[PDB]
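Quick look at target-v8.tsv (TSV, C-alpha atoms and all ligand atoms):
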chain	number	residue	atom	x	y	z
A	1	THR	CA	137.93	85.33	121.90
A	2	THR	CA	136.90	87.84	124.60
A	3	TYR	CA	133.63	88.46	122.73
A	4	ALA	CA	132.91	84.69	122.75
A	5	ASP	CA	133.61	84.56	126.50
A	6	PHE	CA	131.31	87.51	127.15
A	7	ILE	CA	128.48	86.10	125.01
A	8	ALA	CA	128.77	82.71	126.77
A	9	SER	CA	128.66	84.43	130.21
A	10	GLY	CA	125.63	84.81	132.47
A	11	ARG	CA	125.83	88.62	132.45
A	12	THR	CA	124.88	89.70	128.89
A	13	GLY	CA	121.35	90.56	130.04
A	14	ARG	CA	120.18	93.58	131.99
A	15	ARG	CA	122.32	94.03	135.08
A	16	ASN	CA	120.71	94.75	138.43
A	17	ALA	CA	121.90	97.33	140.94
A	18	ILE	CA	123.60	96.15	144.12
A	19	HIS	CA	123.20	97.47	147.67
A	20	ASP	CA	123.77	96.59	151.34
B	1	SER	CA	131.03	130.74	128.83
B	2	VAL	CA	130.67	127.39	130.60
B	3	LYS	CA	131.11	128.93	134.07
B	4	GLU	CA	128.38	131.51	133.33
B	5	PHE	CA	125.90	128.89	132.10
B	6	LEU	CA	126.53	126.73	135.18
B	7	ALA	CA	126.16	129.70	137.54
B	8	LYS	CA	122.68	130.40	136.14
B	9	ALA	CA	121.82	126.68	136.08
B	10	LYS	CA	122.68	126.43	139.79
B	11	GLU	CA	120.41	129.36	140.64
B	12	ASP	CA	117.54	127.69	138.77
B	13	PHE	CA	118.25	124.35	140.48
B	14	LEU	CA	118.57	125.68	144.02
B	15	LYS	CA	115.17	127.42	143.96
B	16	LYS	CA	113.48	124.11	143.08
B	17	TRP	CA	115.78	122.14	145.41
B	18	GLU	CA	114.75	124.27	148.43
B	19	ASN	CA	111.06	124.33	147.44
B	20	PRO	CA	110.23	121.02	145.71
B	21	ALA	CA	107.06	120.62	143.64
B	22	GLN	CA	104.66	118.14	145.23
B	23	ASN	CA	101.35	116.43	144.32
B	24	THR	CA	101.08	117.93	140.81
B	25	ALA	CA	98.90	115.26	139.19
B	26	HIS	CA	96.85	112.13	139.93
B	27	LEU	CA	96.94	108.56	138.53
B	28	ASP	CA	93.46	108.91	136.99
B	29	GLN	CA	94.74	111.72	134.73
B	30	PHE	CA	96.82	109.12	132.84
B	31	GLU	CA	96.07	106.15	130.62
B	32	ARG	CA	98.45	103.24	131.16
B	33	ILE	CA	99.81	101.88	127.84
B	34	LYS	CA	102.81	99.54	128.31
B	35	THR	CA	105.48	98.51	130.80
B	36	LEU	CA	108.85	99.73	129.49
B	37	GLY	CA	110.95	98.17	132.26
B	38	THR	CA	110.55	96.36	135.55
B	39	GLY	CA	112.62	94.97	138.43
B	40	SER	CA	113.05	95.00	142.20
B	41	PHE	CA	113.57	98.80	142.09
B	42	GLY	CA	110.14	99.47	140.54
B	43	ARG	CA	108.95	99.95	136.98
B	44	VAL	CA	108.65	102.49	134.18
B	45	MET	CA	105.45	102.66	132.14
B	46	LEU	CA	104.38	104.47	128.98
B	47	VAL	CA	101.28	106.50	129.82
B	48	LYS	CA	99.08	109.00	127.96
B	49	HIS	CA	98.07	112.22	129.71
B	50	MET	CA	94.34	112.61	129.01
B	51	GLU	CA	93.95	116.41	128.96
B	52	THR	CA	96.71	116.96	126.36
B	53	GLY	CA	97.17	113.50	124.80
B	54	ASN	CA	100.91	113.82	125.54
B	55	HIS	CA	102.84	110.59	126.15
B	56	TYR	CA	105.14	110.29	129.18
B	57	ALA	CA	107.29	107.74	130.96
B	58	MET	CA	105.87	107.11	134.43
B	59	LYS	CA	108.11	105.50	137.05
B	60	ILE	CA	106.10	103.68	139.69
B	61	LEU	CA	107.55	102.60	143.01
B	62	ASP	CA	105.76	100.45	145.60
B	63	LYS	CA	106.31	102.25	148.94
B	64	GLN	CA	106.41	98.99	150.92
B	65	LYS	CA	108.94	97.46	148.53
B	66	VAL	CA	111.04	100.66	148.78
B	67	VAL	CA	111.05	100.33	152.58
B	68	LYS	CA	112.03	96.64	152.48
B	69	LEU	CA	114.99	97.50	150.22
B	70	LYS	CA	116.04	100.35	152.58
B	71	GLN	CA	115.73	102.85	149.74
B	72	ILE	CA	113.52	105.46	151.44
B	73	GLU	CA	116.11	108.25	151.57
B	74	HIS	CA	117.45	107.32	148.12
B	75	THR	CA	113.93	107.55	146.68
B	76	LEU	CA	113.37	110.96	148.27
B	77	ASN	CA	116.74	111.96	146.71
B	78	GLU	CA	115.65	110.79	143.25
B	79	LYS	CA	112.38	112.75	143.29
B	80	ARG	CA	113.82	115.88	144.91
B	81	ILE	CA	116.70	116.00	142.39
B	82	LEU	CA	114.73	115.13	139.24
B	83	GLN	CA	112.08	117.80	139.92
B	84	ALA	CA	114.86	120.44	140.29
B	85	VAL	CA	117.10	119.67	137.29
B	86	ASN	CA	116.78	120.87	133.69
B	87	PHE	CA	119.19	119.72	130.98
B	88	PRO	CA	118.93	118.54	127.34
B	89	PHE	CA	120.12	115.01	128.25
B	90	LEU	CA	118.01	114.57	131.42
B	91	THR	CA	114.29	113.90	131.82
B	92	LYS	CA	113.13	116.18	134.65
B	93	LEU	CA	109.85	115.48	136.40
B	94	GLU	CA	106.85	116.92	134.60
B	95	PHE	CA	104.68	115.68	137.47
B	96	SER	CA	104.91	113.63	140.64
B	97	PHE	CA	102.37	112.31	143.12
B	98	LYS	CA	101.64	109.44	145.51
B	99	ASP	CA	98.64	107.45	146.64
B	100	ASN	CA	98.04	104.88	149.41
B	101	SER	CA	100.39	102.33	147.79
B	102	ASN	CA	102.77	103.86	145.25
B	103	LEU	CA	105.05	106.73	144.30
B	104	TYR	CA	104.77	108.21	140.81
B	105	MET	CA	107.24	110.27	138.78
B	106	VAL	CA	106.24	111.42	135.30
B	107	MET	CA	108.85	112.51	132.78
B	108	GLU	CA	109.51	112.97	129.06
B	109	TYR	CA	109.15	109.75	127.02
B	110	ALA	CA	112.18	108.66	124.97
B	111	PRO	CA	110.78	106.35	122.24
B	112	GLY	CA	114.13	105.03	120.91
B	113	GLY	CA	114.56	102.45	123.71
B	114	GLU	CA	117.51	101.62	125.97
B	115	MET	CA	121.06	102.00	124.67
B	116	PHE	CA	121.51	98.52	126.18
B	117	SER	CA	119.13	96.95	123.64
B	118	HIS	CA	120.84	98.45	120.58
B	119	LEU	CA	124.39	97.95	121.85
B	120	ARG	CA	123.80	94.25	122.48
B	121	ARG	CA	121.94	93.67	119.20
B	122	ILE	CA	124.41	95.58	117.02
B	123	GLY	CA	127.32	94.15	119.05
B	124	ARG	CA	129.41	97.28	119.44
B	125	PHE	CA	129.44	100.93	118.41
B	126	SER	CA	132.03	102.58	116.14
B	127	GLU	CA	134.33	105.03	117.91
B	128	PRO	CA	132.52	108.06	116.41
B	129	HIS	CA	129.22	106.46	117.47
B	130	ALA	CA	130.54	105.81	120.99
B	131	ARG	CA	132.03	109.34	121.09
B	132	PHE	CA	128.70	110.99	120.21
B	133	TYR	CA	127.06	109.36	123.26
B	134	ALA	CA	130.11	109.83	125.54
B	135	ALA	CA	130.07	113.59	124.78
B	136	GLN	CA	126.50	113.87	126.07
B	137	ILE	CA	127.40	112.02	129.27
B	138	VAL	CA	130.46	114.26	129.80
B	139	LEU	CA	128.27	117.38	129.58
B	140	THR	CA	125.54	115.87	131.79
B	141	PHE	CA	128.06	114.99	134.50
B	142	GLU	CA	129.63	118.45	134.26
B	143	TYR	CA	126.11	119.78	134.91
B	144	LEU	CA	125.18	117.37	137.72
B	145	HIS	CA	128.56	117.67	139.49
B	146	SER	CA	128.43	121.47	139.46
B	147	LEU	CA	125.14	121.15	141.38
B	148	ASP	CA	126.94	118.90	143.91
B	149	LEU	CA	125.07	115.88	142.54
B	150	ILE	CA	126.67	112.45	142.24
B	151	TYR	CA	124.86	110.09	139.85
B	152	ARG	CA	126.20	106.61	140.75
B	153	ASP	CA	124.54	104.26	138.22
B	154	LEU	CA	125.87	104.91	134.72
B	155	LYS	CA	125.18	101.99	132.35
B	156	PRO	CA	123.55	101.32	128.92
B	157	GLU	CA	120.43	100.06	130.76
B	158	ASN	CA	119.92	103.58	132.17
B	159	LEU	CA	120.60	105.48	128.91
B	160	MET	CA	117.50	106.04	126.74
B	161	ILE	CA	117.59	107.05	123.06
B	162	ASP	CA	115.14	109.79	121.96
B	163	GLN	CA	113.51	110.34	118.54
B	164	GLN	CA	116.53	112.32	117.30
B	165	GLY	CA	119.10	109.71	118.44
B	166	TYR	CA	120.33	111.74	121.42
B	167	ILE	CA	120.52	110.28	124.94
B	168	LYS	CA	118.63	110.72	128.20
B	169	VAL	CA	120.42	109.78	131.43
B	170	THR	CA	117.66	108.24	133.56
B	171	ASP	CA	117.36	106.24	136.81
B	172	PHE	CA	118.36	108.65	139.61
B	173	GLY	CA	117.67	106.12	142.41
B	174	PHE	CA	121.25	106.47	143.72
B	175	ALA	CA	121.69	110.17	142.87
B	176	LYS	CA	122.64	112.30	145.89
B	177	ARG	CA	123.41	115.94	146.60
B	178	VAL	CA	126.58	115.79	148.69
B	179	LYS	CA	129.42	118.30	149.09
B	180	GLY	CA	131.86	116.05	150.97
B	181	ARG	CA	132.67	112.36	150.74
B	182	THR	CA	129.97	109.67	150.83
B	183	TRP	CA	130.01	105.97	151.71
B	184	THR	CA	126.99	104.05	150.40
B	185	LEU	CA	127.67	100.77	148.61
B	186	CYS	CA	125.56	101.23	145.49
B	187	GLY	CA	125.82	101.00	141.74
B	188	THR	CA	126.08	98.08	139.34
B	189	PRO	CA	129.01	95.64	139.73
B	190	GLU	CA	130.61	96.13	136.28
B	191	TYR	CA	130.64	99.93	136.75
B	192	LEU	CA	131.83	100.25	140.38
B	193	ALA	CA	135.03	102.22	140.99
B	194	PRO	CA	137.71	100.57	143.20
B	195	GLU	CA	136.93	103.08	146.04
B	196	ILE	CA	133.39	101.78	146.32
B	197	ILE	CA	134.39	98.10	146.29
B	198	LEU	CA	137.03	98.75	148.99
B	199	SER	CA	134.49	100.61	151.20
B	200	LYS	CA	136.29	103.94	151.22
B	201	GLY	CA	134.69	107.36	151.38
B	202	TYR	CA	134.33	108.45	147.77
B	203	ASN	CA	133.21	111.37	145.63
B	204	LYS	CA	132.08	112.30	142.11
B	205	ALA	CA	135.23	110.65	140.68
B	206	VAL	CA	133.25	107.35	140.72
B	207	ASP	CA	131.07	108.80	137.91
B	208	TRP	CA	134.19	109.48	135.79
B	209	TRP	CA	135.41	105.92	136.37
B	210	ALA	CA	131.92	104.75	135.33
B	211	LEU	CA	132.27	106.77	132.10
B	212	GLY	CA	135.46	104.83	131.36
B	213	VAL	CA	133.56	101.57	131.71
B	214	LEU	CA	130.71	102.83	129.51
B	215	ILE	CA	132.99	104.10	126.74
B	216	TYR	CA	134.90	100.81	126.81
B	217	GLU	CA	131.71	98.72	126.67
B	218	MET	CA	130.20	100.86	123.89
B	219	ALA	CA	133.35	100.59	121.74
B	220	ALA	CA	134.28	96.99	122.62
B	221	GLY	CA	130.79	95.46	122.95
B	222	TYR	CA	131.62	94.02	126.37
B	223	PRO	CA	132.72	95.66	129.63
B	224	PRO	CA	136.40	95.87	130.68
B	225	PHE	CA	135.70	93.78	133.80
B	226	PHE	CA	133.32	90.86	133.39
B	227	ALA	CA	132.81	87.43	134.92
B	228	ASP	CA	129.91	85.14	135.86
B	229	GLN	CA	129.59	86.44	139.44
B	230	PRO	CA	130.02	89.93	140.99
B	231	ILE	CA	132.85	88.77	143.31
B	232	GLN	CA	135.02	87.72	140.34
B	233	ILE	CA	134.20	91.10	138.76
B	234	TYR	CA	135.34	93.02	141.87
B	235	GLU	CA	138.64	91.09	141.94
B	236	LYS	CA	139.31	92.21	138.34
B	237	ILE	CA	138.33	95.83	138.99
B	238	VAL	CA	140.70	96.22	141.96
B	239	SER	CA	143.56	94.25	140.29
B	240	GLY	CA	144.74	97.34	138.39
B	241	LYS	CA	144.76	95.76	134.91
B	242	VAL	CA	142.64	96.32	131.77
B	243	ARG	CA	142.96	94.76	128.28
B	244	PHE	CA	141.87	96.72	125.20
B	245	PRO	CA	140.68	95.21	121.88
B	246	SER	CA	143.22	95.59	119.04
B	247	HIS	CA	140.72	97.71	117.08
B	248	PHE	CA	140.75	100.38	119.83
B	249	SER	CA	142.50	103.53	118.58
B	250	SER	CA	145.54	104.93	120.40
B	251	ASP	CA	143.57	107.95	121.60
B	252	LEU	CA	140.75	105.76	122.92
B	253	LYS	CA	143.15	103.57	124.88
B	254	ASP	CA	144.77	106.67	126.40
B	255	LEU	CA	141.48	108.30	127.42
B	256	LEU	CA	140.40	105.01	129.03
B	257	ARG	CA	143.70	104.54	130.89
B	258	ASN	CA	143.13	107.99	132.41
B	259	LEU	CA	139.44	107.29	133.25
B	260	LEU	CA	139.91	103.71	134.52
B	261	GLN	CA	142.64	104.93	136.85
B	262	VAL	CA	142.64	103.52	140.39
B	263	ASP	CA	144.88	106.41	141.53
B	264	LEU	CA	142.54	109.34	142.34
B	265	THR	CA	145.35	111.91	141.95
B	266	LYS	CA	145.63	110.90	138.27
B	267	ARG	CA	142.02	110.01	137.31
B	268	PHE	CA	140.63	112.37	134.66
B	269	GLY	CA	137.62	114.38	135.83
B	270	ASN	CA	139.00	114.52	139.38
B	271	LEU	CA	142.14	116.62	138.80
B	272	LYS	CA	142.88	120.36	139.14
B	273	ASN	CA	141.70	121.02	135.56
B	274	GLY	CA	138.47	119.05	136.18
B	275	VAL	CA	136.29	118.08	133.20
B	276	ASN	CA	138.52	119.96	130.73
B	277	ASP	CA	141.08	117.13	130.92
B	278	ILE	CA	138.34	115.02	129.31
B	279	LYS	CA	136.86	117.65	126.97
B	280	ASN	CA	140.33	118.57	125.64
B	281	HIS	CA	141.58	114.99	125.18
B	282	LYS	CA	142.61	114.04	121.61
B	283	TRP	CA	139.76	111.49	121.33
B	284	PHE	CA	137.22	114.33	121.64
B	285	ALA	CA	139.18	116.58	119.21
B	286	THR	CA	136.42	116.36	116.58
B	287	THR	CA	133.74	117.03	119.22
B	288	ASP	CA	131.96	120.36	119.02
B	289	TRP	CA	130.77	120.55	122.63
B	290	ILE	CA	128.37	123.44	122.02
B	291	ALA	CA	126.91	121.70	118.95
B	292	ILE	CA	126.30	118.57	121.05
B	293	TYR	CA	124.59	120.60	123.79
B	294	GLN	CA	122.57	122.45	121.13
B	295	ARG	CA	121.66	119.12	119.47
B	296	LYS	CA	122.89	120.37	116.07
B	297	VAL	CA	125.18	117.36	115.54
B	298	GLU	CA	123.76	114.63	113.30
B	299	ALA	CA	123.25	111.41	115.25
B	300	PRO	CA	125.17	108.43	113.79
B	301	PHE	CA	122.17	106.22	114.55
B	302	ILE	CA	118.47	107.11	114.72
B	303	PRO	CA	115.93	104.60	116.08
B	304	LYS	CA	113.14	103.27	113.87
B	305	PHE	CA	109.91	105.24	114.34
B	306	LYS	CA	106.40	104.28	113.21
B	307	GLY	CA	104.24	106.80	115.12
B	308	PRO	CA	103.45	108.51	118.44
B	309	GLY	CA	103.48	106.17	121.45
B	310	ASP	CA	105.20	103.40	119.46
B	311	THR	CA	107.04	100.95	121.72
B	312	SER	CA	108.75	98.58	119.24
B	313	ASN	CA	112.21	99.67	120.50
B	314	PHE	CA	111.43	98.30	123.99
B	315	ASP	CA	111.20	94.68	125.12
B	316	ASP	CA	107.93	93.08	126.18
B	317	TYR	CA	107.36	92.61	129.91
B	318	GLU	CA	104.41	90.98	131.65
B	319	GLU	CA	101.89	93.67	132.54
B	320	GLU	CA	101.22	93.74	136.29
B	321	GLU	CA	98.36	95.67	137.90
B	322	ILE	CA	98.81	99.08	139.47
B	323	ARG	CA	97.20	98.22	142.80
B	324	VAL	CA	96.11	100.95	145.21
B	325	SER	CA	95.32	99.82	148.77
B	326	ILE	CA	92.38	101.35	150.64
B	327	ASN	CA	94.80	101.95	153.54
B	328	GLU	CA	97.67	104.47	153.41
B	329	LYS	CA	101.05	102.76	153.53
B	330	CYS	CA	104.32	104.33	154.75
B	331	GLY	CA	102.78	107.82	155.08
B	332	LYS	CA	105.40	109.35	157.36
B	333	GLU	CA	108.32	107.75	155.51
B	334	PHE	CA	107.32	109.50	152.27
B	335	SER	CA	105.58	112.64	153.59
B	336	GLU	CA	107.94	115.00	151.71
B	337	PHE	CA	107.43	113.15	148.39
C	1	LIG	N1	116.45	101.28	133.33
C	1	LIG	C1	115.02	100.87	133.03
C	1	LIG	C2	114.27	100.47	134.29
C	1	LIG	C3	114.08	99.13	134.59
C	1	LIG	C4	113.39	98.76	135.73
C	1	LIG	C5	112.90	99.72	136.58
C	1	LIG	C6	113.09	101.05	136.30
C	1	LIG	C7	113.77	101.43	135.17
C	1	LIG	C8	114.32	101.99	132.29
C	1	LIG	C9	114.56	103.32	132.61
C	1	LIG	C10	113.93	104.34	131.93
C	1	LIG	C11	113.02	104.05	130.92
C	1	LIG	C12	112.39	105.15	130.14
C	1	LIG	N2	111.93	104.84	128.92
C	1	LIG	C13	111.40	105.82	128.18
C	1	LIG	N3	111.29	107.11	128.46
C	1	LIG	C14	111.79	107.40	129.68
C	1	LIG	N4	111.85	108.61	130.31
C	1	LIG	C15	112.44	108.41	131.51
C	1	LIG	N5	112.77	107.14	131.72
C	1	LIG	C16	112.36	106.49	130.55
C	1	LIG	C17	112.79	102.73	130.58
C	1	LIG	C18	113.42	101.71	131.26

Render the structure in this file as structure tokens.
Amino acid sequence: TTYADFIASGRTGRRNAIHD
Amino acid sequence: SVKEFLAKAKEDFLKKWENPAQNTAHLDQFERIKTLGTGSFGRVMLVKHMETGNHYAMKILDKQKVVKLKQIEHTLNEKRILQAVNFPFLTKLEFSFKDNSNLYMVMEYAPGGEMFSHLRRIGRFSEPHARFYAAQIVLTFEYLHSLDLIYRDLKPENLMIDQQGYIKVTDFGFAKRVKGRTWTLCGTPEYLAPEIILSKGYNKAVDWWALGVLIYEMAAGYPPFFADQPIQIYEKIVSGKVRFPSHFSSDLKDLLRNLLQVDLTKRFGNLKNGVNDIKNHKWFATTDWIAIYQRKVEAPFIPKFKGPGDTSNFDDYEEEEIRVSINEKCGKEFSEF
């Protein structure tokens, strides 16, 4: 399931901003 | 009318924009209570103001760290904008000041925690639940955009829940007053519009794209474009394909197709009819926009409260010192702050 794939991913925590 | 309200709002804003408030408190007027969030872009602390006993959120930036990240101008933007705005779903600056080491911005404390926390724990929000929050973002963006402000970091991590279950859009570190196009690569990977990823000049339409991502994530429980690394995320975003969960209503799918639209001539929020394309969409049919603004609508979720200055809705972070050097750092860089 897509939910299972999300929960197993390394990006379920707080996501940082990006920049140059 | 809307146009009348915004006219008056702009007059209020511009007076503060052209004459920003500066040095309106001092660190020693506050008692530090708890770190509410922390990262490379500074931290937010719960503090108590001694003279009144009022609680506030105090954002603290290390001037030297700001310089190393090349965020000087962006930081001056954040402070200049936040001291000038006033809106039910924003936390304007109550005070700001600086010392030898740090920059301080003091604003209303939202005790309900980050949307991020509740969304992840609960898993997803019902469509009416998602819609209640989305409505408040739509109005906030209508406000900010009319002031020529672009926000550029919509996400659950930057949406705070107040005691009544309404939202505050916080974290204005990438907010900018710009009338034309702009070019800075900034935002958060999951929420970046195709224009940004492809290094084009872009405009406030990136905020409306971001709203599409938020609404999706709120209703689905995961974002429409996710992967283990940013690069894989950008490939998905530019691809021009999104999958919706089967539980998504027809109206929700249609709103999202029109928000997550790579083609700027068709993206809702950007078109001739502006924000009314969004406000008048079938998904918002039950939304009383004035009732939302007036905060008369009953929130579908209200955070658990146990008293004033309670912090149980926030995670626990290691408490670092607030160090103040005896030597002034970066004085000229931040002289207008
Ligand atoms: N998005 C976080 C955060 C993490 C690291 C650094 C800076 C910010 C965050 C933003 C705002 C608050 C916040 N909480 C409570 N009341 C507030 N008013 C204004 N901002 C807040 C808490 C965490």

Quick one: residues within 10 Å of ligand LIG 1 (chain C), with all atoms listed in the file, as a short mmCIF file (atom, residue, chain, number, x, y, z; two decimals) with C-alpha atoms, keeping the file's coordinate frame?
data_model
loop_
_atom_site.label_atom_id
_atom_site.label_comp_id
_atom_site.auth_asym_id
_atom_site.auth_seq_id
_atom_site.Cartn_x
_atom_site.Cartn_y
_atom_site.Cartn_z
CA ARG A 14 120.18 93.58 131.99
CA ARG A 15 122.32 94.03 135.08
CA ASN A 16 120.71 94.75 138.43
CA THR B 35 105.48 98.51 130.80
CA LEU B 36 108.85 99.73 129.49
CA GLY B 37 110.95 98.17 132.26
CA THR B 38 110.55 96.36 135.55
CA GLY B 39 112.62 94.97 138.43
CA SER B 40 113.05 95.00 142.20
CA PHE B 41 113.57 98.80 142.09
CA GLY B 42 110.14 99.47 140.54
CA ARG B 43 108.95 99.95 136.98
CA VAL B 44 108.65 102.49 134.18
CA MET B 45 105.45 102.66 132.14
CA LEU B 46 104.38 104.47 128.98
CA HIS B 55 102.84 110.59 126.15
CA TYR B 56 105.14 110.29 129.18
CA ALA B 57 107.29 107.74 130.96
CA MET B 58 105.87 107.11 134.43
CA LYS B 59 108.11 105.50 137.05
CA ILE B 60 106.10 103.68 139.69
CA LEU B 61 107.55 102.60 143.01
CA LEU B 90 118.01 114.57 131.42
CA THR B 91 114.29 113.90 131.82
CA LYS B 92 113.13 116.18 134.65
CA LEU B 93 109.85 115.48 136.40
CA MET B 105 107.24 110.27 138.78
CA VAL B 106 106.24 111.42 135.30
CA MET B 107 108.85 112.51 132.78
CA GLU B 108 109.51 112.97 129.06
CA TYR B 109 109.15 109.75 127.02
CA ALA B 110 112.18 108.66 124.97
CA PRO B 111 110.78 106.35 122.24
CA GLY B 112 114.13 105.03 120.91
CA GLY B 113 114.56 102.45 123.71
CA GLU B 114 117.51 101.62 125.97
CA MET B 115 121.06 102.00 124.67
CA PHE B 116 121.51 98.52 126.18
CA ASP B 153 124.54 104.26 138.22
CA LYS B 155 125.18 101.99 132.35
CA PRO B 156 123.55 101.32 128.92
CA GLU B 157 120.43 100.06 130.76
CA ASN B 158 119.92 103.58 132.17
CA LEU B 159 120.60 105.48 128.91
CA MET B 160 117.50 106.04 126.74
CA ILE B 161 117.59 107.05 123.06
CA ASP B 162 115.14 109.79 121.96
CA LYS B 168 118.63 110.72 128.20
CA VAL B 169 120.42 109.78 131.43
CA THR B 170 117.66 108.24 133.56
CA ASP B 171 117.36 106.24 136.81
CA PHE B 172 118.36 108.65 139.61
CA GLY B 173 117.67 106.12 142.41
CA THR B 311 107.04 100.95 121.72
CA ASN B 313 112.21 99.67 120.50
CA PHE B 314 111.43 98.30 123.99
CA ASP B 315 111.20 94.68 125.12
#

message: Near chain B, meaning an atom within 6 Å, which residues of chain A appear when counting only C-alpha atoms? Write them as a PyMOL selection string.
response: chain A and resi 9-10+17-19

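The coordinates place CA of residue 322 (chain B) at 23.2 Å from CA of residue 77 (chain B).
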
From B:217, B:298, B:328, B:142, residue lying nearest residue 269 (chain B) [all atoms listed in the file]: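 Nearest candidate to residue 269 (chain B) out of B:217, B:298, B:328, B:142: B:142.
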
message: Please compute the CA of residue 78 (chain B)-CA of residue 94 (chain B) distance, one decimal, in Å.
response: 13.8 Å

10 Å contact set for residue 295 (chain B), all atoms listed in the file, chain neighbours under 3 positions out, as a ChimeraX atom specification: /B:88-89,136,164-166,289-292,298-299
